[PDB]
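Trainee: Got a sequence here, can you build the structure:
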Amino acid sequence: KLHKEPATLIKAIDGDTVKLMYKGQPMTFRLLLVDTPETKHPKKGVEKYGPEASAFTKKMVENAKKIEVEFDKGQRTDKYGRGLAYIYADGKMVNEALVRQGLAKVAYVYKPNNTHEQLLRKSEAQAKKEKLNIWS
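Mentor: Residues are numbered from 1 along each chain as shown. Please see the structure below:
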C-alpha cells in the first residue's frame, strides 16, 4: 500500500518540480508520471504553455493548507537526486490536476513506479477530448 506523508512547501521551481521540507530536510521533488512544458528546459528554455504549467503548480502548492507526498513502489529518487512522488495539495493530486487541465502529458512509464498510470491516462484522455491548453 502506498501512503501519504506530510511535507512543507519551500519553493515551486517549475511545472514539474517543487522543493519541499521532507522529514526536516530540504529536497527537490520531481512529479511522477507527468511531463509538463518547461520554462527551464535544458535545450529549449521556455516552452509553449511552460509559464502556464509553472503558474498552475505554484498556485496549487502555495495556497494549500496541507501538502503530502506519496512515493510509489520503486525507486524514490532519480539520477539528479530528486524525490519521485505524487504530490497532494489539500487532498488533490497535483500530478493529476496538471494532466486534467491539459497542462501536462503522461510521461514514459517505468515499472514499478506506475501505480497511478491508469488514473492519469484517463484524465489525459478527457483533457484531450475537451481540447484543453496543450490540446487546443
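
Trainee: Starting from residue 55, give me the distance back to the residue positioned nearest the centre of the chain.
Mentor: Relative to the mean C-alpha position of the chain, the nearest C-alpha, by Cα atoms, centre = their mean, is the one of residue 31, at 3.2 Å. For residue 31, the distance to residue 55 equals 15 Å [Cβ to Cβ, to the nearest Å]. Heads up, the C-betas are built off the backbone N, CA and C, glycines and all.

Trainee: same deal with residue 83?
Mentor: Distance, residue 83 to residue 55, using Cβ to Cβ: 22 Å.

Trainee: and those two? which has more neighbours close in?
Mentor: residue 83 (21 against 14; other Cβ atoms under 10 Å).

Trainee: I'd guessed the more buried one sits against residue 27; true?
Mentor: Yes. Here residue 83 lies in contact with residue 27, judged by Cβ atoms under 8 Å, at a distance of 5.4 Å.

Trainee: who touches both of these two?
Mentor: Shared between the contact lists of residue 83 and residue 27 (criterion: Cβ atoms under 8 Å, 6 or more residues apart in numbering) are residues residue 20.
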